[PDB]
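*Asks:* Quick one: the structure is below, and I'll ask about it shortly.
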């Protein structure tokens, strides 16, 4: 097992957050602490998934989805299939607060493509502009739908968090420059994650292996 297979994130302010990596925890968190945090799970390339996405990243069989029409019993049969995969993973990681945080915000109605209306798909920060999201959750912090743009994880597994804004210290500067100043400050083994609209924090090198310059595209976009 990896020492950084999860990170526990907490809110400490208006648009302010702190994280601790599994191996840096000074105590064994209770189920309450586990359930109040945003829990980030490391996948096979060092992307980090918050709970409702780590859970839905499990997948269902073709012949099982066609045969299923109903509606609300539709939510209960999908859940029991993934719950056994999920439970078996939490047990191995030692996590006792295993809430998923899938519950949707029920004041919000979808358009015919089963997606958010444009007026419902933004979070407002106090100082940093708006950010687009994929889904409206009843528990927005725990679901991962409230994190900053940038997660830095140093060689000691310490977490630093950052927001871009229009005209900040890196305005019209390239991701690779930010990257070089990060590894100068922290060590060249430092990891940088860049947040997806879903809440996923994709590792910067994973993004570049997918398409050269993707890390930079995502970095620029946070600042408009």
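Residue numbers (the deposited numbering): 112 to 179, 182 to 337.
Beta carbons are placed, not taken as given, at the ideal position from N, Cα and C, and that holds for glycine.
#1: Buried or exposed: residue 264, going by 16 or more other Cβ atoms within 10 Å of its Cβ?
#2: Which partner residues does residue 252 have in the DSSP bridge list?
#3: Could you name the residues that DSSP lists as bridge partners for residue 314?
#4: Helix, strand or coil, according to DSSP, for residue 196 in the structure here?
#5: Look at the alpha carbon of residue 283 and the alpha carbon of residue 256, and state the distance between them as a whole number of angstroms.
#6: So what's residue 129 in DSSP terms, helix, strand or just coil?
#7: Using CA atoms only, rank isn't needed, just tell me which of 227, 292, 289 and 334 is closest to residue 309.
#8: Indicate the three-state DSSP secondary structure (helix, strand or coil) for residue 154 in the structure shown.
#9: Taking Cβ to Cβ, would you say residue 274 is nearer than 9 Å to residue 130?
#10: Quick check: the stretch 198 to 211 against the stretch 144 to 164, are there 3 or more CB pairs under 8 Å?
#11: Among all the DSSP beta bridges, which residues are the ones paired with residue 271?
#12: Span of the beta strand (DSSP E) holding residue 235?
#13: Grab the span of the beta strand (DSSP E) containing residue 122 for me, first residue to last.
#14: Report the residue from 246, 157, 258 and 172 whose alpha carbon sits nearest the alpha carbon of residue 122.
#15: Per DSSP, what kind of secondary structure is residue 201 in: helix, strand or coil?
#16: If you draw a straight line from the alpha carbon of residue 153 to that of residue 160, how long is it in whole angstroms?
#17: Quick check on this structure: which residue in 239, 332, 249 and 170 has the alpha carbon closest to the alpha carbon of residue 223?
#18: Just how far apart, CA to CA, sit residue 174 and residue 230?
#19: Could you tell me the distance, in whole angstroms, from the CA atom of residue 235 to the CA atom of residue 243?
#20: Which residue's Cα is closest to the Cα of residue 138: 124, 119 and 127?
#21: Out of 294, 278 and 312, state which residue places its alpha-carbon closest to the alpha-carbon of residue 304.
#22: How should residue 313 be labelled, buried or exposed, when 16 other C-beta atoms within 10 angstroms of its C-beta is the threshold for buried?
#23: For residue 179, count neighbouring C-beta atoms within 10 Å of its own C-beta (all shown protein chains included) and say buried if the count is 16 or more, exposed if not.
#24: Please state whether DSSP places residue 232 in a helix, a strand or coil.
*Replies:* Taking the coordinates as given:
#1: buried
#2: Its beta-bridge partners do not exist; DSSP assigns none.
#3: 159 and 308
#4: helix
#5: 29 Å
#6: strand
#7: 334
#8: coil
#9: yes
#10: yes
#11: 131
#12: 235 to 237
#13: 117 to 124
#14: 258
#15: helix
#16: 7 Å
#17: 249
#18: 31 Å
#19: 6 Å
#20: 119
#21: 294
#22: buried
#23: exposed
#24: helix
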